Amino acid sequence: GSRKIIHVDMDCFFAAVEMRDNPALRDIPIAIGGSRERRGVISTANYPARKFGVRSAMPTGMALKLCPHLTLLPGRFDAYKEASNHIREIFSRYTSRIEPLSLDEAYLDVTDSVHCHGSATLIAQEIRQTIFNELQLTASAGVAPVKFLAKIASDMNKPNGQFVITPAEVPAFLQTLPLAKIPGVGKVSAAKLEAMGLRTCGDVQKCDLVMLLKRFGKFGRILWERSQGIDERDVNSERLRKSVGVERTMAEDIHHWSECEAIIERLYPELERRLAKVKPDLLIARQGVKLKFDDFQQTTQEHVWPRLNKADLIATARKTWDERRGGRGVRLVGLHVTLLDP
């Protein structure tokens, strides 16, 4: 009863696309991200930039201190979406059991596959080769009996490689696995776990489930399970979008309601255009707004509402402005919609 899960993951995705489309960017340090003047961050970087320490989510000013010649690109999201659609269609040549997680990666359940004599190792390799043909981008892959190990495995031999974890290999792999490598255990959790002496899955195996449940709730059950290679989550090909949002961080903090309202007037057409692609009649379940202040606290207020409406978003933003700003400056304004259930 052992499944075969593939996780496929594009290498330096946004950057790989810009270098394919402009070969002049191949050997110099490049990064997709907002300028230092726009108070931006790095979305991703190529390997020449990463050598300097440039990483995703790094503030762009820090990226530039590490790497003064970093070439900064704004991003061509239709080009990334196009490559994304292409690799998903390549995935469909092998199975319909496809769960995309973002533009550039998916899980594949090839347990019941007929291709490559049932070899998941060879399927992953054929998919990676096919993506390099046809798109001229490289992908890495991970093969394992459950999702999270497959996703960990696709990181271990990148770029342009893969890694297979067999059931017999799972116990040795887990013993020294840092908890922070499990998808969904982030910096805050890893720090709480470290402070109680839990660094690796081997550390957590020596823990009582009941204690984990008390100290972490349902997360503690996930931790206990994952530390044993237990991950019964099925590959789900029927997930649907639940929200759509449009927000912007300004280059300077704003301090006047007129500035905030002016921001909303530019954001609203974008939100309407993106909703309409998926919901022509603009019918929704909730809509709402987001402010982030200069102390980086952020607040949202959203409410049941039947149909995208600009004035109500202005009105709600006005209240949030008056009622929870407390005289602080505002670095970000955002709009938001929750989509109807079906």
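For every residue, the number given is its place in the sequence shown, counted from 1.
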Original post:
Mean CA B-factor: is it higher for 220-228 or for 202-210?
Top reply: 202-210
Original post:
Of 59-67 and 42-50, which one has the bigger average CA B-factor?
Top reply: 59-67
Original post:
Per the PDB entry, which option out of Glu89, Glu99, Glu270, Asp112 has the greatest Cα B factor?
Top reply: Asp112
Original post:
When you compare the CA B-factors of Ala251, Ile264, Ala79, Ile182 as listed in the entry, which one comes out on top?
Top reply: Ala251
**OP:** Would you mind ranking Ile28 by its C-alpha B-factor against the rest of the chain and naming the third, lowest, middle or highest?
**Re:** highest
Original post:
Lowest, middle or highest third: where is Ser119 by C-alpha B factor in its chain?
Top reply: highest
Original post:
Lowest, middle or highest third: where is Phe13 by C-alpha B factor in its chain?
Top reply: lowest
**OP:** Pull the Cα B-factor of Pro167 out of the PDB entry and bin it into the chain's lowest, middle or highest third.
**Re:** middle
Subject >> Ranked C-alpha temperature factor of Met196 among modelled chain residues, by third >> reply: highest
